[PDB]
């Protein structure tokens, strides 16, 4: 990926990942990917400030064998350009749980039926400051 890439994570069901970073000042959006590898993603977390027709909307999706799944969009957008963003993601067998900066939480189905998350990657618009595992 463009930003920080972490592998061999072996994040098991019930375990979580907390990521804090800085969103590019001139970023139309940023990405945090979680999955098995670059082509198999359980969660493509993509807050869009202004991209692909989306204005301030969180878009989430899966990627199987390189093929994008069906997108999911949220009703809140607790992110501000050129600022710090902290998200926590919990992996579980049925669903991944995402907790946002405003306290809002949502779930995304574990479509790939992964037994663990071994891959994480941020793009060029999200500069990671810290990553923690509980």
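Residue numbers count along the first chain shown, from 1.
**Q** Mean C-alpha B factor from the entry: is it higher for 48 to 56 or for 71 to 79?
**A** Stretch with the greater average CA B-factor: 48 to 56.
**Q** On mean Cα temperature factor in this entry, is 62 to 70 or 80 to 88 the higher one?
**A** Comparing averages over the C-alpha atoms only gives 80 to 88.
**Q** Of the choices 32, 96, 41, 27, which one's C-alpha carries the largest B-factor in the record?
**A** Reading the PDB entry, the winner on C-alpha B-factor is 27.
**Q** By the recorded C-alpha temperature factor, relative to the other modelled residues in its chain, which third is residue 102 in?
**A** According to the entry, residue 102 has a C-alpha B-factor in the chain's highest third.
**Q** Comparing against every modelled residue in the chain, figure out the third that the C-alpha B-factor of residue 112 lands in (lowest, middle or highest).
**A** Ranked within chain, residue 112 CA B lands in the middle tercile.
**Q** Pull the Cα B-factor of residue 1 out of the PDB entry and bin it into the chain's lowest, middle or highest third.
**A** According to the entry, residue 1 has a C-alpha B-factor in the chain's highest third.
**Q** Ordered by C-alpha B-factor within the chain, which third holds residue 11? Give me lowest, middle or highest, please.
**A** Its C-alpha B-factor, which the entry lists for residue 11, ranks in the highest third among residues of this chain.
**Q** Compare the C-alpha B factor of residue 17 with those of the other modelled residues in its chain, then answer lowest, middle or highest third.
**A** Answer is middle: the recorded C-alpha B-factor places it there.
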